[PDB]
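Down below is the structure, laid out as structure tokens.
What follows is calculated from the coordinates using simple rules that are stated; it is not laboratory data. Because the Cβ atoms are built from the backbone with ideal geometry, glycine has one as well, and the counts that use them run over all protein chains shown.
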Amino acid sequence: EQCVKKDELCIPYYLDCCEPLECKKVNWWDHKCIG
Amino acid sequence: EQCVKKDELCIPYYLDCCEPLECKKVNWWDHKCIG
Amino acid sequence: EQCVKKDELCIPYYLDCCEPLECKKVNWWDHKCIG
Ligand code: NI
Ligand code: NI
Ligand code: NI
Ligand code: NI
Ligand code: NI
């Protein structure tokens, strides 16, 4: 598995972003890699 | 390889946790993903 | 894919280091995992 790229979906505690992106909520259920 | 999940074993500098978990020592030799 | 090990090449936003290493520029184009 790879670190998640910019603007792609991530899951805290399960599937995280490539640094320096941060996994941020974008709605009630989903998160995206932002930064 | 995947990021390490909650309460599973991690190794600093070698096998790290899924954010926002942190790899913490739990005894003399082992580390676990906590948070 | 795995997190990048100490003194190996990394790419911010694409191929990141094993914590607690940080991906730092080492010249105009390349980055390395330091820490
Ligand atoms: Ni990672
Ligand atoms: Ni981070
Ligand atoms: Ni961290
Ligand atoms: Ni992998
Ligand atoms: Ni970091």
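Odds and ends about this structure:
- Within the range B:4-35, the residues that satisfy the criterion of being surrounded by fewer than 16 Cβ atoms within 10 Å (Cβ to Cβ), more than 10 Å from chain A (Cβ to nearest Cβ) and either among the basic types (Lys, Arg) or in contact with a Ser or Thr (Cβ under 7 Å, 6 or more places away or on another chain) (or both) are B:24, B:25.
- Annotation note: Cβ proximity below 8 Å between a residue of the range A:1-17 that is closer than 12 Å to residue C:15 by Cβ and a residue that is aromatic (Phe, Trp, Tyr) and exposed (fewer than 13 other Cβ atoms within 10 Å of the Cβ) (sequence gap 6+ or interchain) occurs for no pair.
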